[PDB]
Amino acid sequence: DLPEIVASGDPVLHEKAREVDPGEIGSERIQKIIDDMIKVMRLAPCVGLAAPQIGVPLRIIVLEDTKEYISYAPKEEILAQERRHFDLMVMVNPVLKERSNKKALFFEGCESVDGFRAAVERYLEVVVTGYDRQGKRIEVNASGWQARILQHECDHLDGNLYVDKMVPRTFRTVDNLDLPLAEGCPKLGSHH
């Protein structure tokens, strides 16, 4: 049976998830939680999911962005966001760190806050150390939209959602997505 995505207000999404014991990573148990994430992500569809969003209070994230999803976005926005496809990534106990003080500002949404968007400022360059799905120690250097999803998913594990880190006056229904920003809202884009 496939778990449901958990909505905002459920305390599992607002409290800090706990680390997987690295000796446990390859058990049928953590493997099932992982496979469940992957399936819930591909069903939605979305580019990223964290374990708290399926009710599991653990430090686990998955992410994928496919050529197919990407060929839906305006070709010029794909270019501003630096949005490039990348194979399915699983990380257990991810620890995120920026590689520089450069930030970008664009719209994100979250499966836990259904129907809405807001502009959120992200580090453009990250590193995430952690474990892959076989208990092996990995590091991942990420920029552009990939680094965005890493930060979004990582945020979940500390009980942080984007509605609590969005630029004022940008929150909006999906349908209002393309409406103009109000005066004194910063422009979407990035640093030189």
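Numbering starts at 1 and runs along the sequence shown.
*Asks:* Which has higher Cα B-factors on average according to the PDB entry: 69-77 or 112-120?
*Replies:* 69-77 has the higher mean C-alpha B-factor.
*Asks:* Mind pulling up the entry and telling me whether 177-185 or 5-13 has the higher mean Cα temperature factor?
*Replies:* 177-185 has the higher mean C-alpha B-factor.
*Asks:* When the CA B-factors of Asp155, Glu139, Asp164, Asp36 are compared as recorded in the entry, which is the largest?
*Replies:* Among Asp155, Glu139, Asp164, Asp36, the PDB entry lists the largest C-alpha B-factor for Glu139.
*Asks:* What's the residue among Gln151, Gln53, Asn160, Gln134 with the greatest CA temperature factor in the PDB record?
*Replies:* Among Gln151, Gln53, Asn160, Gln134, the PDB entry lists the largest C-alpha B-factor for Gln134.
*Asks:* So where's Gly48 on the chain's Cα temperature factor ranking, which third?
*Replies:* Bottom third by C-alpha B-factor.
*Asks:* Please place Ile61 in the lowest, middle or highest third of its chain according to the CA B-factor in the PDB entry.
*Replies:* For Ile61, whose C-alpha B-factor we compare with every modelled residue in the chain, the answer is the lowest third.
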